[PDB]
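The structure under discussion appears below in the form of structure tokens.
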Amino acid sequence: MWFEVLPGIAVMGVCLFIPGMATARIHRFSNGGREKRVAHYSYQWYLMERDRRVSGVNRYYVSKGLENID
Amino acid sequence: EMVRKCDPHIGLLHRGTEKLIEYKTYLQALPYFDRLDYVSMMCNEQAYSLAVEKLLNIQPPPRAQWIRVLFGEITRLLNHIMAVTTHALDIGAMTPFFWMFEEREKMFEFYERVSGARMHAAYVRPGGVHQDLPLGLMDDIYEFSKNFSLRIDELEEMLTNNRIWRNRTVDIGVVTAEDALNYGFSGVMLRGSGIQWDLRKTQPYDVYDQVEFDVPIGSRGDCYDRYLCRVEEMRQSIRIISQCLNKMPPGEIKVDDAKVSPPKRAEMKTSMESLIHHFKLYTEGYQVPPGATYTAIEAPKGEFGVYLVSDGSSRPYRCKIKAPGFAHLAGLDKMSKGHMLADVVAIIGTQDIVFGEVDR
Amino acid sequence: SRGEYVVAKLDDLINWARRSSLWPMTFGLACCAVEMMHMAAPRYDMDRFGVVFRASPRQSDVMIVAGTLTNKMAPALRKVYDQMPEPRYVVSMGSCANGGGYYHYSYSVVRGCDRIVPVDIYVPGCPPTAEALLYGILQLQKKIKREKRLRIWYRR
Amino acid sequence: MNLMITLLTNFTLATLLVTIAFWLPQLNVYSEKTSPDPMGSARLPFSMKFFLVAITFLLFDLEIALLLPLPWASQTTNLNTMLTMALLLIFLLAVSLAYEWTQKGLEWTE
Amino acid sequence: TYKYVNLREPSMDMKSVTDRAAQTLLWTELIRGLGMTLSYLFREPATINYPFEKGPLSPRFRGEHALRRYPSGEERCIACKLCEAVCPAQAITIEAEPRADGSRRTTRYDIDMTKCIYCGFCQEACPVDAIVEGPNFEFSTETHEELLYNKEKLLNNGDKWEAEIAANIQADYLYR
Amino acid sequence: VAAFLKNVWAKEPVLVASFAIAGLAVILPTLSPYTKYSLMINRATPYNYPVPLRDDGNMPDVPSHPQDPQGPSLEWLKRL
Amino acid sequence: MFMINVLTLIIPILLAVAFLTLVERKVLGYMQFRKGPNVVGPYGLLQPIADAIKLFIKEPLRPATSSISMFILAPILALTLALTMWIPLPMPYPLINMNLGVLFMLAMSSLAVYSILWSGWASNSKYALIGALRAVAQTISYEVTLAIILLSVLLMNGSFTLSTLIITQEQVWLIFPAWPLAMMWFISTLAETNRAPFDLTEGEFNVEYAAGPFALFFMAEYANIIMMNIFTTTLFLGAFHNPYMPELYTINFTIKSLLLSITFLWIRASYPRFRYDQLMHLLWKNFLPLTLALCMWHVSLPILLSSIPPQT
Amino acid sequence: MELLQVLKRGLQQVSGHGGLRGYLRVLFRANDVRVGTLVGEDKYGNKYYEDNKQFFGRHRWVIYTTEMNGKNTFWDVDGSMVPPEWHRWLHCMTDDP
Ligand SMILES: CCCCCCCCCCCCCCCCCC(=O)OC[C@H](COP(=O)([O-])OCC[N+](C)(C)C)OC(=O)CCCCCCCCCCCCCCCCC
Ligand SMILES: CCCCCCCCCCCCCCCCCC(=O)OC[C@H](COP(=O)(O)OCCN)OC(=O)CCCCCCCCCCCCCCCCC
Ligand SMILES: CCCCCCCCCCCCCCCCCC(=O)OC[C@H](COP(=O)(O)OCCN)OC(=O)CCCCCCCCCCCCCCCCC
Ligand SMILES: CCCCCCCCCCCCCCCCCC(=O)OC[C@H](COP(=O)(O)OCCN)OC(=O)CCCCCCCCCCCCCCCCC
Ligand SMILES: CCCCCCCCCCCCCCCCCC(=O)OC[C@H](COP(=O)(O)OCCN)OC(=O)CCCCCCCCCCCCCCCCC
Ligand SMILES: CCCCCCCCCCC1=C(C)C(=O)C(OC)=C(OC)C1=O
Ligand code: SF4
Ligand code: SF4
Ligand code: SF4
């Protein structure tokens with residue numbers, strides 16, 4: 001009956017679930033277990049490049065807190 | 001975008017049916033009529049049967065006449081399902097096609113129960129019908145008719161109030177009443193243009209004066225009023241089928257003249273006169289007294305007529321077949337002037353055109 | 001051998017895809033068109049076999065000749081047949097398409113569509129029922145299932 | 001840089017699929033086809049109405065191009081002037097549509 | 001005795017005018033159409049599972065032809081040619097002679113199944129129930145001449161389907 | 001003004017809804033009491049740096065610290 | 001690693017387009033009181049695979065092309081624009097997070113008519129060219145209300161950023177302040193993709209293409225259908241986003257986009273086709289005046305309510 | 001809940017074909033898994049089933065044998081495999097098997 005269309009909808013729904021789940025896990029893996037830094041504006045890029053310089057490993061996402069000041 | 005001239009070239013299904021009829025007897029030429037309007041099989045059977053029975057100066061029994069009216073209205077349901085659903089399928093409403101061909105499938109099961117074939121029954125014959133209704137058939141006809149108005153209702157829910165179906169059909173193919181009469185239109189083509197004419201009311205045949213029904217009359221002459229006329233004719237066919245199921249009499253189904261209709265098979269194998277008559281009706285056939293009839297009935301497309309000329313022998317001398325679709329497709333050129341190309345498929349739809357009877 | 005096994009499995013694959021995805025172009029000539037429209041109706045439903053309803057004649061896989069072929073339309077039938085991409089198949093439906101039928105001795109009827117096109121499946125009836133036409137379509141599928149295009153290509 | 005890589009990847013996938021569609025069934029050695037339309041050979045008649053709907057598209061698309069900075073223009077400090085000029089642009093688009101109406105420009109493609 | 005389809009003059013009070021304008025602006029009949037299509041989405045479909053499920057037939061069904069036998073092995077056809085005189089398609093070709101015991105029997109009984117219109121005038125013209133049009137409809141061939149039946153093919157259809165044909169004739173013969 | 005409006009609402013309701021929505025869009029910002037708050041929020045959004053002033057000696061209304069009482073306040077924006 | 005992300009975007013697009021054909025045939029089957037395909041695979045699941053293998057080994061149709069180059073470029077452009085409409089789509093994070101993703105999508109959908117136009121001129125049929133001109137005029141017609149409705153809705157967003165459009169709809173779906181824009185948007189995106197009741201390419205342009213390239217046009221069209229349903233979902237039916245669990249947003253917008261694609265499938269099995277002038281009448285005389293009136297209303301409305309969204 | 005009745009009918013269909021192996025057997029040969037009363041079996045192996053709660057057309061069916069007259073019919077099921085004594089019952093020319 002009408003539940004016969006549901007395997008195809010399940011296949012198509014898994015195929016739509018894959019890209020967003022995949023880009024979320026890749027954005028966590030490539031950015032140190034966090035979200036990707038949204039830099040739409042040049043102040044956000046200024047802070048992000050300052051993070052890249054203050055980390056010392058040439059990575060913006062490796063954060064430095066109070067342990068880096070004396 | 002406009003259409004200045006439409007020249008329909010036909011003869012792509014001309015088989016020379018009514019020359020082949022001249023070399024076959026009346027019973028042998030009966031199944032040619034199933035194949036003319038091939039969605040209205042038993043109605044064309046009834047028109048040829050009434051033509052031959054008018055020339056033979058005999059009449060069917062009452063039960064045969066009620067069977068012919070019952071199956072003529074079942075046939076009218078078949079044909080208007082075909083008309084409405086293909087006219088919607090060509091425009092784009094493809095879904096009530098599939099919804100109504102299950103009902104059309106069940107009426108073909110009715111045909112197969114009563115004759116053995118689903119379409120070309122050879123069931124309505126000159127003299128009556130070929131065989132009596134098997135038991136439990138009328139109960140299932142009632143069970144069909146009890147449900148079929150809801151099918152018409154959901155068809156009418158999908159199309160009638162829809163603005164897209166109205167825009168494709170309301171201003172399209174307007175026929176005036178005088179030009180409908182002048183182009184030889186018949187049936188819904190007249191009745192959509194206001195013309196109060198129906199052959200079952202005016203020039204009635206078998207028992208149509210004993211059934212009570214209404215005749216839907218349009219008001220604007222367009223595709224939309226002809227659509228509403230065909231849907232209401234399905235309603236009134238359900239009304240006539242209810243009256244035929246309630247008023248069905250007992251009795252015989254062939255005429256009891258064994259020089260016209262063949263005897264029963266039990267008495268053919270017992271009586272000498274019945275075996276002689278069986279022999280001579282299935283080899284020579286009955287002779288028909290010489291004369292020319294034009295017997296016309298109200299087929300579901302319009303006036304279906306037979307001009308049958310008998311020379312006194314067991315074969316037709318001439319059998320001209322008047323179809324409604326011939327004059328309707330002739331009037332296609334006037335009905336499409338000033339319209340667009342996508343209107344022409346709606347105009348060819350609203351003239352219920354089946355090319356077997358157009359071409360013969 | 002190994003390559004014989006490969007062409008056997010590839011024949012099974014391409015014959016599976018060709019019989020499980022038949023696209024018909026139906027010539028609605030005559031009364032047999034009504035019964036093809038019943039073979040597409042919900043009871044029999046060609047679409048559940050992968051047999052679509054009314055493909056265009058230039059992407060269709062099989063030509064169902066359903067009705068009477070007259071002399072006036074036989075060049076149009078041959079034109080539509082020549083315009084089909086290969087592999088193309090022809091189902092002849094009903095007596096008039098098969099052998100002329102009830103109009104066999106007529107002056108204006110082609111006595112069978114096999115005088116015009118090569119026919120694969122002859123479906124008999126007047127009309128053959130939607131169940132009988134579906135039987136002919138499944139017999140066409142079985143005919144496609146035993147095709148040996150790559151095995152004969154490997155053995156040539 | 002990620003966007004240029006993405007565009008190049010999509011163009012390469014599309015070109016690969018188009019090459020497979022135009023060259024995999026060419027290896028079929030089927031048959032040479034001898035002697036491979038509603039109008040026969042008449043010229044294409046120019047339709048004035050198709051050109052009219054295309055130019056009406058172009059002009060209203062230019063008015064759209066004027067309307068496109070509005071989500072940024074709502075952030076201004078001169079809001080009375082901004083609101084007046086925004087309503088004036090959408091009003092001039094509506095006057096263009098009304099003049100296209102009343103001089104029978106939207107006809108037979110209404 | 002007649003009715004006027006589409007002769008309704010609509011109301012012009014503000015109630016009906018606002019009803020029609022809400023139908024225009026809010027698409028009431030379009031949602032009615034979507035509701036009817038959604039109603040058929042949740043119905044059980046009418047599809048039978050062919051070839052495993054079969055369409056319902058009656059015992060009158062007119063399918064493949066078969067020459068029958070009496071219940072002794074003797075064939076019923078006494079070569080009388082009524083089925084080919086009545087045949088509207090001239091599909092039946094009959095030639096006969098007295099056989100070795102003097103019985104009036106056919107030597108040629110051909111039916112062209114591609115001329116045949118399957119109307120069953122042969123089985124109703126047959127005085128001895130020899131030719132019948134049986135219940136087989138699944139007999140599509142791959143070649144045209146396989147639908148050109150001789151007497152051997154028709155007697156084999158009789159021997160093949162007699163257990164069904166006799167029961168169908170038994171169910172129907174009091175209507176004949 | 002009354003029969004004409006019902007007539008155009010009966011024949012052409014899309015156009016009546018069009019001119020009604022456009023007329024409300026024209027007249028209603030001039031009548032709304034919240035139009036002033038749009039101005040006051042857009043001018044209170046600090047895109048730039050508040051470049052301080054040299055304290056010459058007489059600026060009684062300019063603060064020395066952001067948390068001082070004098071200066072522009074946005075308690076109306078928090079409360080509303 | 002980014003190339004893996006591009007592959008996990010573009011390959012599941014192709015798979016979902018492949019099985020959307022099965023879902024279309026099944027849903028149109030059950031809405032027509034029959035079944036869809038259930039023989040070729042278990043519950044019909046191998047029907048698109050069988051059909052793709054069928055089309056890629058069918059004979060090339062071999063047309064006489066006017067231009068060979070544009071005959072090649074029209075499927076290339078159609079597939080490339082069908083794939084690049086996905087990269088700013090936030091679900092909940094896009095592949096290419098850009099500041100102007102909305103305007104990017106409107107631009108790359110405006111470029112989609114060149115495939116129709118080049119396929120129509122690259123065929124030698126004048127009838128195919130007339131059909132291509134009709135389809136191009138239809139699409140560029142409904143792009144007008146796409147642009148204006150989209151602008152009017154983004155006046156509540158503050159920017160052309162698609163990721164900001166989720167933040168916009170955290171308290172309410174944006175269909176509640178903008179359902180007339182939503183319904184005209186929905187019919188206009190139905191008319192973008194030549195989809196019924198606006199499919200005059202099936203009512204009596206790429207008919208000279210062989211089975212391979214016609215299948216590529218077909219799959220680009222269904223990629224556009226899935227994409228415009230996802231874009232309508234993000235635009236009017238914005239789901240809840242928990243940043244620590246992004247799969248909540250992903251499951252939610254996937255369910256909503258599947259329902260909206262089934263709603264396209266449910267419209268096409270319910271209505272007859274417009275005549276060409278009738279949908280031109282629908283655009284220029286019904287949708288565009290209300291679209292301009294609601295554009296004035298959504299310009300003046302955040303000012304009269306003091307609800308102007310933030311720029312950032 | 002009546003959804004659990006639906007899931008129980010599905011699971012007893014899985015149980016009623018002799019396990020998952022017979023369930024998948026009838027799923028891939030029949031494209032249909034519903035269970036029925038075994039009306040009979042012919043001299044070839046065709047099994048004939050009823051379910052009078054199914055509608056008219058579905059209420060009788062045949063699971064064809066995997067071998068008939070020397071031909072492997074595991075996938076090549078044929079409508080003409082029905083012998084004439086079951087051809088009345090299956091096509092509903094009578095009520096009686
Ligand atoms: C995003 C999720 C989905 C969104 C909803 C959409 C789902 C429903 C889809 C149904 C199937 C549709 C199939 C295609 C149909 C195409 C035809 C069609 O509908 O044409 C549109 C029809 C066309 O008109 P027509 O053709 O029906 O009517 C005749 C028109 N004349 C006279 C010109 C010939 O209507 C519209 O254009 C209406 C568009 C939307 C209107 C929105 C109005 C909102 C209310 C405003 C305020 C009103 C009160 C006044 C002011 C008060 C102030 C306080
Ligand atoms: C070196 C040796 C190998 C050489 C290369 C081959 C690699 C493997 C290729 C796939 C498998 C090949 C065999 C194909 C099937 C052969 C057996 C067969 O025909 O089984 C029939 C059976 C259904 O039976 P049927 O006849 O349909 O019955 C009607 C209902 N009673 O059919 C079924 O049950 C279904 C059959 C499905 C066929 C396989 C699935 C489709 C193909 C997938 C791979 C190719 C496509 C990849 C993706 C393309 C793009 C989406
Ligand atoms: C001041 C506010 C802002 C105004 C400008 C902004 C407008 C936004 C919407 C854009 C409109 C663009 C198109 C306008 C075209 C107008 C001309 C027109 O359509 O006239 C024809 C029409 C009759 O249609 P017809 O020609 O017969 O069409 C064939 C199909 N039957 O004729 C009609 O239907 C009559 C149309 C005129 C009368 C409409 C009255 C509406 C009143 C609503 C309530 C009050 C709203 C306040 C504003 C009033 C402004 C007059
Ligand atoms: C993100 C998820 C996307 C998912 C997409 C796909 C969804 C559907 C997945 C497949 C579902 C099951 C398909 C089963 C097909 C039928 C197989 C079958 O029964 O084939 C039988 C055939 C003949 O075998 P034979 O030995 O002759 O049998 C006689 C027994 N006495 O033998 C053969 O035909 C040979 C074997 C063929 C096997 C083909 C299997 C299907 C392949 C489909 C491609 C996708 C694979 C899955 C991808 C996602 C999971 C990783
Ligand atoms: C007939 C030929 C073949 C036809 C088929 C193939 C061509 C047609 C289909 C592809 C169309 C490609 C479109 C390329 C540009 C799209 C606009 C664009 O890049 O917008 C996105 C983004 C703007 O957003 P924003 O957030 O401001 O930027 C990041 C900084 N914050 O901007 C950025 O992120 C900027 C990134 C750096 C600059 C990128 C430049 C790309 C290369 C040049 C254009 C490539 C296409 C050339 C041919 C087009 C033919 C139509
Ligand atoms: C290799 C990736 C897939 C390539 C494209 C082939 C499969 C998808 C399109 C095939 C198709 C299907 C399934 C289909 O169902 C269909 O009918 C509606 C078509 O013709 C209009 C098709 O073209
Ligand atoms: S074989 Fe007979 S029933 Fe069939 S189309 Fe021909 S004339 Fe009509
Ligand atoms: S089959 Fe019957 S009718 Fe025909 S020749 Fe034989 S006995 Fe006579
Ligand atoms: S069924 Fe009719 S056409 Fe066929 S052989 Fe018998 S009499 Fe002749």
Side-chain angles (χ1 to χ4, degrees), chain A, chain G residues 1-2 4-5 7-27 29-30 35-38 41-45 47-48 86 89-95 97-100 159 161 163-164 226 230 243 246-247 249-251 253-255 257-258 261-262 312:
Chain A
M1 290 180 66
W2 64 271
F3 52 85
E4 298 274 316
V5 306
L6 296 178
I9 301 169
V11 171
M12 183 177 172
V14 170
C15 291
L16 288 174
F17 177 77
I18 290 168
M21 178 269 289
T23 189
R25 291 180 66 90
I26 285 168
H27 284 174
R28 284 179 292 178
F29 181 74
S30 297
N31 293 311
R34 283 171 291 158
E35 294 180 354
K36 185 172 181 178
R37 182 71 57 82
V38 179
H40 287 164
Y41 291 137
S42 61
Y43 175 70
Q44 295 172 353
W45 181 256
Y46 184 81
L47 293 182
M48 184 177 173
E49 288 288 317
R50 188 187 181 275
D51 293 332
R52 186 182 66 83
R53 292 188 297 268
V54 300
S55 64
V57 295
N58 201 2
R59 296 291 186 267
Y60 70 98
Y61 60 91
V62 175
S63 294
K64 295 291 184 181
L66 294 177
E67 70 272 12
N68 203 359
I69 58 98
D70 56 352
Chain G
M1 185 58 72
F2 179 72
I4 299 171
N5 199 359
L7 265 63
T8 58
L9 182 65
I10 65 175
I11 296 170
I13 290 163
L14 303 179
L15 295 174
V17 169
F19 286 94
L20 173 63
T21 62
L22 179 62
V23 176
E24 183 185 10
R25 296 181 69 189
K26 292 294 288 183
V27 166
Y30 281 95
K35 295 176 183 289
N38 58 358
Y43 305 102
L45 269 298
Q47 178 69 45
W86 290 78
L89 287 177
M91 44 184 172
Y93 306 105
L95 184 65
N97 193 1
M98 58 179 75
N99 200 5
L100 300 180
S159 66
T161 300
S163 297
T164 306
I226 300 169
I230 290 174
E247 292 85 5
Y249 187 83
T250 307
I251 293 168
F253 99 101
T254 301
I255 294 168
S257 297
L258 287 176
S261 178
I262 291 167
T312 65

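To find a chain, count down the sequence lines: A is the first, B the second, and so on, and within it residues start at 1.
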Original post:
What do you reckon, is CZ of A:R25 surrounded by more than 12 foreign heavy atoms closer than 6.0 Å?
Top reply: no
Subject >> Neighbour count >12 (heavy atoms, 6.0 Å) for atom CD1, A:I69 >> reply: yes
Region of [X] that comes under 4.5 Å of a non-hydrogen atom in chain A:
X      : result
G:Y93  : both
G:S261 : side chain
G:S159 : neither
G:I251 : both

For a quick test of reading the model, state the closest non-hydrogen atom pair linking [X] to [Y] and the distance between them.
X      : Y     : result
A:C15  : G:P12 : O-CB, 3.2 Å
A:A22  : G:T8  : CB-OG1, 3.6 Å
G:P243 : A:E35 : CB-OE2, 3.3 Å

Distance in Å, [X] [atom1] paired with [Y] [atom2], rounded so as to fall on 0.5 Å steps:
X      : Y     : atom1 : atom2 : value
A:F29  : G:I4  : CZ    : CD1   : 9.0 Å
G:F253 : A:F17 : CZ    : CZ    : 9.5 Å
G:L20  : A:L16 : CG    : CG    : 9.0 Å
G:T254 : A:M21 : OG1   : CE    : 10.5 Å

Subject >> A:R28 portion near chain G, given a 4.5 angstrom heavy-atom threshold >> reply: side chain
Tell me, do [X] and [Y] make a side-chain contact under 4.5 Å, heavy atoms counted?
X     : Y     : result
G:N99 : A:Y41 : yes
A:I9  : G:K26 : no
A:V5  : G:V23 : no
G:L9  : A:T23 : no

Subject >> Member of G:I226, G:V17, G:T21 meeting the side chain to side chain contact (heavy atoms under 4.5 Å, CB included) criterion with A:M12 >> reply: G:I226
Original post:
Looking at A:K36, A:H40, A:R37, which one forms a side chain to side chain contact (heavy atoms under 4.5 Å, CB included) with G:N97?
Top reply: A:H40
Original post:
So which of G:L89, G:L45, G:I11, G:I13 has the biggest tally of heavy-atom pairs under 4.5 Å with chain A?
Top reply: G:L45
Original post:
chain G: which of A:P7, A:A39, A:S30 shares the most heavy-atom pairs with it under 4.5 Å?
Top reply: A:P7
Subject >> Residue selection (most heavy-atom pairs with chain G, distance under 4.5 Å) from A:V14, A:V38, A:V11 >> reply: A:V11
Subject >> Step-by-step salt bridge (charged side-chain N to carboxylate O under 4.0 Å, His left out) determination, G:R25 to A:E4 >> reply: CA-CA 12 Å; G:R25 296 181 69 189; A:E4 298 274 316; over 6 Å; no
